[PDB]
Structures are given as C-alpha cells and as structure tokens.
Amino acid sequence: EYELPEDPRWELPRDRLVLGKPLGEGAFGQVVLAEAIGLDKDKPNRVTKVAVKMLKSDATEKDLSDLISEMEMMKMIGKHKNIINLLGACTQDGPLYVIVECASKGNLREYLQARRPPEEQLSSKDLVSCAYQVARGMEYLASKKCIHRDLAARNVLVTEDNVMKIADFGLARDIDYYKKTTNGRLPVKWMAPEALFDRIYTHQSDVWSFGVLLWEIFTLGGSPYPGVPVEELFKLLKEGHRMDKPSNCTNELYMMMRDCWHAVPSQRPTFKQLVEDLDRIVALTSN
C-alpha cells in the first residue's frame, strides 16, 4: 500500500499514458516504452514517445522508496539538453510511473558500433562533438552536486537528432567485480583506482571514467583493457600502466585521455575545463 502527495507541475493523468514494450529489468525497477498524450498545452492531441519506469510486482518497501528518491532527485537537478530528463509522473490511483525522455537511437556504444566502416559513418567532427556533448552533460550534473559513478558509453543514450544524453545519474547504489554486463564487459574497467580500492567516488573519478569514455569513442565502440582479466587490472593500474592510444586518434585527444587518467585525482582536469578544450577541438576538426 501507499499514498503519495501529488505535485501538479508534474502530475500526468494515467489515462493519458499508453504503455508498450518493456526493455530489461535493470538494477531494481523495470522500464517500458510508452506514448504520452498531450504533454504540451500547445498540441494536446499529440502522442510523444517516452520511457516510463515502474516497479516490478516483486517489489519491497525500499524498492519503492528508491524509485521515489530518484524521481525527486531528477526534479532537483533540473533540465539540460545533454541529460535524460523527467517529463512527468503518475502518482495517484495506481502504481507509480516515473516518465522520462525516449532516446530513439539507443546507447552510445551500440550507435558507435552501428557506424563503423564497411547505419551512416561518423566524421572526425562527429566524434569530438560527441565527447563534447557528454562533457557538457557531465559538467551540468556536477554543477548540481551530482556524482555519476558509472559513466560510460552504455550509460550515454542518443536521440534521433543525434544528441548525447547521459542516463542513470540519480541512481541509488550499493559488489561483484566479475558481474558481467549484457555485452559481456565489466564495470570495473571504467573505475578509477581510488574508487576501486578505497570506495572513494567523486567528480575526479567521474573524470577518469570520462577518459575511458573517450577511449570508447575513438575506437568506434571499443572494449577497454582487451583480454586482461580483472585480477591483472588491479596490478597494471597500481603500477601506472594506461590504455594504448587508438588509431585514428590525435595526440591531443590521447593526451586528454591521459590527463583524465592522472594517478593523483586532484591533478586530473575538471569537466568545466574539458568542455572548454572540447569546444575548441571540435571547431578545429574536419568533417
């Protein structure tokens, strides 16, 4: 059981919502595509495709509290082009539905892969642009005290008009480093040393992630530290080994990666900086 308070800024009548296909039961919760009717006073007879999150029926009291949390946090953080945004919620006379934006070309990684050489092909500008947009989004969240914790291509989603949007930021978390993702990869490959070892998570480690995220981008979908089992990665990093520069990657960019991977967290750049460098570099980068 439960009753929620309703904020009318955000309440959508649940009959204005046409639920459709699901897509995986994530880290608690389960999400389904849907069509919202209205959403906009201007054009109230238009459907808008949205993603709607709701509880599975095998759902604890906390599992709920969690959903309410991340909803309320998405409210606090506010809108930005380069993040997945809240658009509404259905709170009354039914189970809770937390509606957000549909990003119609999947995750960054899938979209990169689908655009390798012999569905279109990405120019050099198209890639740096992509890194730039993620940095913007990251900067925004950071400006709002948000620390991401699992930043990587899989957690960047892409809209029809090709805009990078960061996903799963307000995320309530709690520990197997062998836990495999859908694609078969290990979340530790994105983790900064101090996050790995001493559980210390900050903007600085979100920057380390962004390093690897750049690496993913300039390998059109790469898989980090290829065939280097978890155990080995412990040492390699400890000592100071770093990933290899990709082909089709300028020294400039490879040097960014390397600063995002500074051993001393405080000496890494910040997103503010990285946005400013990526803007310049995009302007100097040819189609």
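When you see a residue number, it is the position in the sequence shown, counting from 1.
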Per the record, the count of deposited residues between residue 118 and residue 119 that have no coordinates is 10 or more
When you step from residue 174 to residue 175 in this entry, do you jump over none, 1 to 3, 4 to 9, or 10 or more residues of the deposited sequence that have no coordinates?
-> 1 to 3
Can you tell me which stretch has the higher mean Cα B-factor, 81 to 89 or 190 to 198?
-> 190 to 198
Between 135 to 143 and 106 to 114, which has the larger average Cα B-factor in the PDB entry?
-> 106 to 114
Residue, from 208, 169, 178, 215, that the PDB entry assigns the highest Cα B-factor | 178
Taking the C-alpha B-factors as the PDB entry records them, is residue 276 in the lowest, middle or highest third of its chain?
-> lowest
Residue 65 - which third its CA temperature factor falls in, relative to the rest of the chain | middle
Residue 34: C-alpha B-factor third of its chain, per the entry, is the lowest
Would you mind checking where the Cα B-factor of residue 20 ranks among the modelled residues of its chain, as the lowest, middle or highest third?
-> lowest
Going by the entry, which third of its chain does the Cα temperature factor of residue 122 land in?
-> highest
